[PDB]
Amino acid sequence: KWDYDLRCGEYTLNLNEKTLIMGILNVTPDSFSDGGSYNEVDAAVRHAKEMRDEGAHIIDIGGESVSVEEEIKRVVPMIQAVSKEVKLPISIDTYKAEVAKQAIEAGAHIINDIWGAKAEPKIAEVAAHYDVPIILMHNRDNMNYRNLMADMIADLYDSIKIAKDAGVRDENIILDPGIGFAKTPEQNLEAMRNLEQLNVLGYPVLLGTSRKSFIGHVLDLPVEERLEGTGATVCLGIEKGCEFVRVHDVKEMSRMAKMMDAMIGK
């Protein structure tokens, strides 16, 4: 079904054997430090290691959940430590070109842009240069949709044209519906319900619903009681053709993904 693999420097991800699990890295920053200090980076490394043992195929690393020069000093040491100590592709969760650049020099393999190259188009130029996969997430500054899905796909196309114009190859493009961004709770559900529509664009899709507020809205449960809700969204995502899921609870979701895969015949 996918006639290429996702090339990631020293690592290679097959898109046909299994749903790939992207594990969300904890990055609790030390008050009292610029970045680089031992407690932050060690806890970050130990967590990456956990997730690798629990079935993660990618470790996703952020610098904000804030000043570009600040964000780089936080995230660079983490990428360096994790990439040396954990044999797994790292994605860098940024929408900033300079952050993406340093993150890749530091060892990051994949760019993860929640603004789909619309916040900082040069990020696509960075991606094109280092020849790395980039995730283009659906996002916008408003919820004024005429037709949710039609508009998401349009909006996603606008991200693709920016990526391609800057030289990004189709094989390095991943799409993401951006669940939990620029969407009402009911719109998030509608997108989940129609996620298979994204497949017509011809690119691998990553789904990120982990613990997000729309699960809370449905279940009336707080962030730490959302594991069954998240699992449902992962399952439905995989039945609808997603190639990756981005999740906090790697052990649990790994298992649900693995059972879904066997059922749907991936």
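In this text, rigid core is short for the largest set of C-alphas that superpose within 1.5 Å between two forms. The first residue of the shown sequence is 1; numbering continues from there.
Requested in this report: Quick one: core-superposed, which stretch strays further from the shown model in 8 other deposited structures of this protein, 6-14 or 21-29? Go by RMS C-alpha distance.
Outcome: Stretch with the higher C-alpha RMS distance in 8 other deposited structures of this protein: 21-29.
**Report entry** Which of 52-60 and 66-74 strays further in 8 other deposited structures of this protein - Cα RMS after rigid core alignment
**Finding:** Higher root mean square deviation of C-alphas in 8 other deposited structures of this protein is shown by 66-74.
**Report entry** Gap size between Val66 and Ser65, counted in deposited residues that the entry leaves unmodelled
**Finding:** The entry has a gap there, with 4 to 9 residues left out between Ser65 and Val66.
Report task. Going by the average Cα B-factor in the PDB entry, point out whether 179-187 or 100-108 comes out higher. Result -> It is 100-108.
Requested in this report: Look over 31-39 and 202-210 in the entry and identify the one with the greater average Cα temperature factor.
Outcome: It is 31-39.
Query raised in the report: By the record's CA B-factor, is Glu224 among the lowest, middle or highest third of residues in the chain?
Result: Within its chain, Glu224 is a highest-third residue by C-alpha B-factor, going by the deposited values.
**Report entry** CA B-factor placement of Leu15, once the chain's modelled residues are sorted into thirds
**Finding:** Answer is highest: the recorded C-alpha B-factor places it there.
Report task. Going by the recorded CA B-factors, say which third of the chain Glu50 sits in, lowest, middle or highest. Result -> Ranked within chain, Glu50 CA B lands in the middle tercile.
Report task. Could you say whether, by C-alpha temperature factor, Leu25 belongs to the lowest, middle or highest third of its chain? Result -> For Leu25, the deposited C-alpha B-factor lands in the highest third.
Query raised in the report: In terms of the CA temperature factor given in the entry, to which third of its chain does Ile160 belong: lowest, middle or highest?
Result: Middle third, going by the recorded CA B-factors of the chain.
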